[PDB]
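Structure first, commentary second.
The analysis underlying the following values was restricted to heavy atoms, covering all of them including side chains, and did not include hydrogens, waters or symmetry mates. Residue numbers start from 1 in every chain, and the chains themselves are labelled A, B, ... in the order their sequence lines are given, proteins ahead of strands.
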Number of protein chains: 2
Amino acid sequence: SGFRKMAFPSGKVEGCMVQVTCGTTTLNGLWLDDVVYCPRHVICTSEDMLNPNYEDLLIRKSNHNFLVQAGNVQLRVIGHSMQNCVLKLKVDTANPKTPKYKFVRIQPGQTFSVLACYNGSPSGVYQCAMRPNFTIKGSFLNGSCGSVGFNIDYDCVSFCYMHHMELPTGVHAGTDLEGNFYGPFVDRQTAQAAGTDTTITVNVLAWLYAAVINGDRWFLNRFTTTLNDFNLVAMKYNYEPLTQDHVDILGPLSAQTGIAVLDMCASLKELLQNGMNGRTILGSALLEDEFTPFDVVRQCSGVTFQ
Amino acid sequence: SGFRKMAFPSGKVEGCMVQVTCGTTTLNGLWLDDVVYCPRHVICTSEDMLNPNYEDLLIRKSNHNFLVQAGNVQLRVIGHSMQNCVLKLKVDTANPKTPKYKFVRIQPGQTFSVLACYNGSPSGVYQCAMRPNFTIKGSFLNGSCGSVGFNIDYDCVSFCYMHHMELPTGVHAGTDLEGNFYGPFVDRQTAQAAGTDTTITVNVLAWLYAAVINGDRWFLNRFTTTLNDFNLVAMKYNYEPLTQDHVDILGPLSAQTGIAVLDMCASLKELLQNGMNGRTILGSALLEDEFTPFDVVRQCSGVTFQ
Ligand SMILES: *[C@H](O)[C@H](C[C@@H]1CC=NC1=O)NC(=O)[C@@H]1[C@@H]2[C@H](CN1C(=O)C(Oc1ccc(Cl)cc1)Oc1ccc(Cl)cc1)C2(C)C
Ligand SMILES: *[C@H](O)[C@H](C[C@@H]1CC=NC1=O)NC(=O)[C@@H]1[C@@H]2[C@H](CN1C(=O)C(Oc1ccc(Cl)cc1)Oc1ccc(Cl)cc1)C2(C)C
């Protein structure tokens, strides 16, 4: 029993974190095989980052300009190249701690674990969702660039996020490991804003199913609703539309608890229309949307990773 | 910017987890140097755990009854002994991944990270507080016994918790690594209940300071209050008393933000008396109490561990 915002064990990623220094800038890099991946704005200076021309900035660079440190062991850069918004530093040693891995790009609505890092040293781990507006509500201070987000399936690390910047609402933006930004953001210090967000509807329903599995049932009801009449209510609470695919995803949870998906939407409808009225659900006084249907089955069933 | 319930990187602990099997029971053990620590109710059967006599049960045991598996490598038990509610299995190999460590017992109100484990394989990591009633609100399924809780300071792991049981309200109880229970609980399947809980007052104030550091200020006010007049209000919202020591702990946070501790108590007083009125604080609609003043400074300053 219980339900916690749970991250993957971070060990396999901790062994890949290194410190990358170029001149005055220091940030984190990800060392897999004989390549170190890091944000390309490491080549930038303070006066550069207002409107940089990275291709120009990089041809003026040499390998020996890049100080790569894996703990207290130096790393020798033997090549470099730009891939979109990331830099790939080829080094003379392959990381013997390289796990089985994949570079995957996730969808808004999906979750992942973030290993926050400073000076190549891991600071903490936590769970995040990719917001519908392609931002993440992280916890990042200066120096955290190059920290990565990831999921683990069995023994394989699927890297999905590298941190690049903080936006003025306190939210965070970054790239997949191929260097392509999530959302309409650029690694320049120009005026940028997140874009209006919505609540991840299928995730709320998953979390309501976790609550039922854990003995919270006060929000249940005898009512029902059609998928279209629910979506009419979702649109007005700035929830995003529920699809038949989302209904299908929620199948196992519906089967496990005996509550048809559409019945749970009737519950969400009333919760949106009435609030919670001093009650809580899974220790929260808000409708939580950063748990996927997968996350719920993971935690409410006890799957591990090896 | 941002504020997340953040766990320590779990790598150093992942390398210590092993699977301990005795007859029909399988649970997790903690392998440090040449000792494996695990819950003593691993020696128990189904019919045993209603009222066991562990000393009797253990003399009927031999080393070869204990199957210890470190991944897919067997471990040879060469001795065993009971220490309070934990079992210490001496094995023929020292764990070469043994980190620098300490066995520490924490206070109610303090936090720690939990590496949830099944069959010696880590499943996930999350942050917990020790409740005033000596329970923890964890996420634990059958097979999770022997999972440990811990803090990391620089390179040293201070183990503070080993999981033993779930109570009927869905909360969890366990021991320090010397085998002594937190709270009035016993590793027997007799009727037991958690005992009435309170809210950790100093932690709420710390979290209010984190909110201010992160730009939430709507709950601030010009009022003030004496420590005694606050404690009179705390007692009636079932918050526990605030001490001058707690005021002292909150000093740096008060200095960083310019809000005297007693002024922040006046804010908490009004929040208790009025609620939040549709607003949120750090993405929560409830007053959060599982962040210590240390946790806040950690996250709002960016300290790492190596
Ligand atoms: C990398 O270590 C660092 C991590 C940031 C710093 C604090 N939290 C984080 O996640 N990233 C950066 O510094 C990037 C880097 C240049 C600018 N930048 C930003 O995150 C951010 O810079 C500011 C942050 C806060 C303030 Cl008050 C002012 C600037 O960039 C933007 C700020 C504001 C807008 Cl409207 C757009 C971008 C880059 C992007 C090369
Ligand atoms: C160890 O793997 C396991 C972990 C538990 C199981 C589910 N979540 C957990 O944290 N621990 C135990 O099984 C211990 C073990 C014997 C009993 N026990 C309990 O956690 C618990 O057992 C029950 C759980 C749920 C129900 Cl519906 C019924 C029993 O023990 C108690 C239950 C109820 C009371 Cl009032 C008191 C104890 C022990 C304690 C030797």
(request) Could you check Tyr118(A) against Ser147(A) for side-chain contact (heavy atoms from CB on, under 4.5 Å), going step by step and ending with a plain yes or no? (result) CA-CA 8 Å; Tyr118(A) 301 96; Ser147(A) 304; over 6 Å; no

(request) Could you point out which residue of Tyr154(A), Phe159(A), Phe305(A) forms a ring pair (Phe, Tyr, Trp, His ring centres under 6.0 Å) with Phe8(A)? (result) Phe305(A)

(request) For the pair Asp245(A) (side chain) and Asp248(A) (backbone), establish whether a donor and an acceptor sit closer than 3.5 Å, ignoring hydrogens and angles. (result) no

(message) I need the minimum non-hydrogen distance between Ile152(A) and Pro9(A), along with the two atoms involved.
(response) CD1-O, 3.1 Å

(request) Report the C-alpha distance between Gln299(A) and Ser139(B) in whole Å, list the side-chain angles of each, state the deciding distance to 0.1 Å, and finish with yes or no for side-chain hydrogen bond (donor to acceptor under 3.5 Å, both in side chains). (result) CA-CA 8 Å; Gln299(A) 200 172 156; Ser139(B) 173; 2.9 Å; yes

(message) Does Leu50(A), at its CG atom, have more than 12 non-hydrogen atoms belonging to other residues, nucleotides or ligands within less than 6.0 Å?
(response) yes

(message) Quick check: do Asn28(B) and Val18(B) have side-chain heavy atoms less than 4.5 Å from each other?
(response) no

(message) Tell me if a side-chain donor or acceptor on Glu166(A) pairs with a main-chain N or O of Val171(A) at a distance below 3.5 Å.
(response) no

(request) Flag the pair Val114(A) / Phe140(A) as yes when at least one side-chain heavy-atom distance between them is below 4.5 Å, and no otherwise. (result) yes

(request) Determine the minimum heavy-atom distance between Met276(A) and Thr280(A), stating which atoms define it. (result) CE-CA, 3.5 Å

(message) Any non-hydrogen side-chain atom of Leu253(A) less than 4.5 Å from a side-chain atom of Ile213(A)?
(response) yes

(message) Looking only at side-chain N and O atoms, does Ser113(B) offer a donor or acceptor that is under 3.5 Å from a partner on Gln127(B)?
(response) yes

(message) To the nearest 0.5 Å, what is the distance between CE on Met264(A) and OG1 on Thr257(A)?
(response) 5.5 Å

(message) How long is the straight-line distance from CG of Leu208(B) back to CG of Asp216(B), given to the nearest 0.5 Å?
(response) 9.5 Å

(message) Taking CZ in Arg217(B) as the centre, count heavy atoms belonging to other residues, nucleotides or ligands within less than 6.0 Å. Is the count above 12?
(response) no

(request) Can you see which heavy atom on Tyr126(A) is nearest to which on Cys128(A), and at what distance? (result) CE1-SG, 3.3 Å

(message) Could you measure the distance from the OG1 atom of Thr292(A) to the CG atom of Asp295(A)? Nearest 0.5 Å is fine.
(response) 3.0 Å

(request) Evaluate the side-chain contact (heavy atoms from CB on, under 4.5 Å) criterion for residues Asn51(A) and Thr190(A): first the C-alpha distance (whole Å), next the side-chain angles of each, then the deciding distance (0.1 Å), finally the verdict. (result) CA-CA 8 Å; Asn51(A) 194 358; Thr190(A) 75; 5.8 Å; no

(message) Whether the side chain of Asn180(A) engages the backbone of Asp176(A) through a donor-acceptor N/O pair (distance < 3.5 Å, no angle test) should be reported.
(response) no

(request) Give me the one residue out of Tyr161(A), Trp31(A), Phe103(A) that meets ring pair (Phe, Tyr, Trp, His ring centres under 6.0 Å) with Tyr37(A). (result) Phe103(A)

(request) Measure from the side-chain N and O atoms of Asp155(B) to the backbone N and O of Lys100(B), and report whether any donor-acceptor pair falls under 3.5 Å. (result) no

(request) Using the side chain to side chain donor-acceptor pair (under 3.5 Å) rule, pick out the option among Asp197(A), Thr198(A), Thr199(A) that qualifies with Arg131(A). (result) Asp197(A)

(message) In the structure I gave you, are the side-chain heavy atoms of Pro39(A) and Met162(A) within less than 4.5 Å of one another anywhere?
(response) yes

(message) Give me the atom names and distance for the closest heavy-atom approach of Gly11(A) to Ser10(B).
(response) N-OG, 4.2 Å

(request) May I have the step-by-step check of salt bridge (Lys or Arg N to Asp or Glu O under 4.0 Å) for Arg4(A) and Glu288(A), ending in yes or no? (result) CA-CA 12 Å; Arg4(A) 281 268 187 203; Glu288(A) 301 283 345; over 6 Å; no

(request) Please check if the side chain of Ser301(A) supplies one atom and the backbone of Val303(A) the other of a donor-acceptor pair under 3.5 Å. (result) no

(message) Distance alone, cut at 3.5 Å: any donor-acceptor contact between the side chains of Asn133(A) and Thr135(A)?
(response) yes

(message) I'd like to check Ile43(A) versus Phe66(A) (side-chain heavy atoms, cut-off strictly below 4.5 Å). Are they in contact?
(response) yes

(request) Using atom types as modelled and distance alone, determine if a side-chain donor or acceptor of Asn151(B) lies under 3.5 Å from a backbone N or O of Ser158(B). (result) no

(request) Flag yes if more than 12 heavy atoms outside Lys61(A) fall under 6.0 Å of its NZ atom; otherwise flag no. (result) yes

(request) Please confirm whether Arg188(A) makes a cation-pi placement over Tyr54(A), using NZ or CZ under 6.0 Å from the six-membered ring centre and within 45° of the ring normal. (result) no

(message) Looking at every non-hydrogen atom in both residues, tell me the closest pair between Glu14(A) and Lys12(B) and how far apart they are.
(response) OE1-N, 4.4 Å

(message) When you measure from the side chain of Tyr209(B) to the backbone of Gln256(B), do you find a donor-acceptor pair of N or O atoms at a distance under 3.5 Å?
(response) no

(request) Under the side-chain contact (heavy atoms from CB on, under 4.5 Å) rule, what do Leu242(A) and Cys265(A) come out as? Steps first, then yes or no, please. (result) CA-CA 10 Å; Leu242(A) 200 70; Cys265(A) 298; 3.7 Å; yes

(message) Are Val68(A) and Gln74(A) packed together at the side-chain level, in the sense that at least one heavy-atom pair is separated by less than 4.5 angstrom?
(response) no

(request) Answer whether the closest heavy-atom distance between the side chains of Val20(A) and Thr26(A) falls below 4.5 Å. (result) no

(request) Validate the cation-pi geometry between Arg105(A) and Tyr182(A): distance from NZ or CZ to the six-membered ring centre under 6.0 Å, angle to the ring axis within 45°. (result) yes

(message) Once rounded to the nearest 0.5 Å, what's the spacing between atom CD of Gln19(B) and atom CG of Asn72(B)?
(response) 11.0 Å

(request) Spell out, as yes or no, whether a donor-acceptor pair under 3.5 Å connects the side chain of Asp34(A) to the backbone of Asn95(A). (result) no

(message) Taking the six-membered ring for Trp, are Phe185(A) and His164(A) closer than 6.0 Å centroid to centroid?
(response) no

(message) Strictly distance-based, threshold 3.5 Å: is any side-chain N or O of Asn65(A) a donor or acceptor partner for the main-chain N or O of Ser62(A)?
(response) yes

(request) Any chance you could measure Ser123(A), atom OG, to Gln306(B), atom CD, to the nearest 0.5 Å? (result) 12.0 Å

(request) Enter the distance from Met17(B):CE to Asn119(B):CG here, rounded to the nearest 0.5 Å. (result) 11.5 Å

(request) Output yes when a side-chain donor or acceptor of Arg298(A) lies under 3.5 Å from a complementary backbone atom of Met6(A), and no otherwise. (result) yes

(request) Identify whether NZ of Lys or CZ of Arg in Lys5(B) sits under 6.0 Å from the centre of the six-membered ring of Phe291(B) and within 45° of that ring's axis. (result) yes

(request) Return the minimal non-hydrogen interatomic distance between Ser144(B) and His163(B), and the atom names on each side. (result) OG-CD2, 3.5 Å

(request) Could you please spell out the steps behind the side-chain contact (heavy atoms from CB on, under 4.5 Å) verdict for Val186(A) and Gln192(A)? (result) CA-CA 9 Å; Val186(A) 296; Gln192(A) 281 167 301; 3.4 Å; yes

(request) Side-chain contact test, heavy atoms from C-beta onward, threshold under 4.5 Å: evaluate it for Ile281(A) versus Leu271(A) and give yes or no. (result) yes

